[PDB]
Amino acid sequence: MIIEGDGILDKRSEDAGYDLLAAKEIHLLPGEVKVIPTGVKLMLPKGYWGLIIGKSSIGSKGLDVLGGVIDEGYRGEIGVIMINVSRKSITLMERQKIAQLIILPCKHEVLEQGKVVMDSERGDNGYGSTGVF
């Protein structure tokens, strides 16, 4: 996979995603949302997309990742949308690991206006069908 910039790291075959780094120092105030730049640009393999999903270390710090969909055709810089959920300010240092990028396949289909057939054992059910237990 062709990449531009230095904000991404190789991973081993047994690891699911690639570590993303912060391109510059970022300061998030309580409840604030910013689009952390990674300084990375890439060309995803045809038929695949990239998923930005959080890491253990930063997640347990009160930070979450929003959005997270890198389109196959995207050619711009990858940004990590992060929200600070703590009641205090947080600071993400330059080149600090902030997220993961996982390469997943996506199916492309045309949407056919039709009629949904109740041909399944669940059909209508949702939102707690088997209970809490």
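C-alpha atoms forming the largest set that superposes within 1.5 Å between two forms make up the rigid core. Numbers for residues come from their place in the sequence shown, where the first is 1.
Note on 17-25 and 105-113: with rigid core alignment, C-alpha atoms in 7 other deposited structures of this protein sit farther from this form for 105-113.
Structural divergence in 7 other deposited structures of this protein between 35-43 and 85-93: following superposition by the core, 85-93 has C-alpha atoms lying farther from the shown form. Once the C-alpha B-factors are averaged per stretch, 33-41 and 55-63 rank with 55-63 first. As listed in the deposited structure, the average C-alpha B-factor of 73-81 and of 104-112 is greater for 104-112.
When the modelled residues of the chain are ordered by their C-alpha B factor, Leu9 lands in the middle third. Among the modelled residues of the chain, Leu21 sits in the lowest third by CA temperature factor in this PDB entry.
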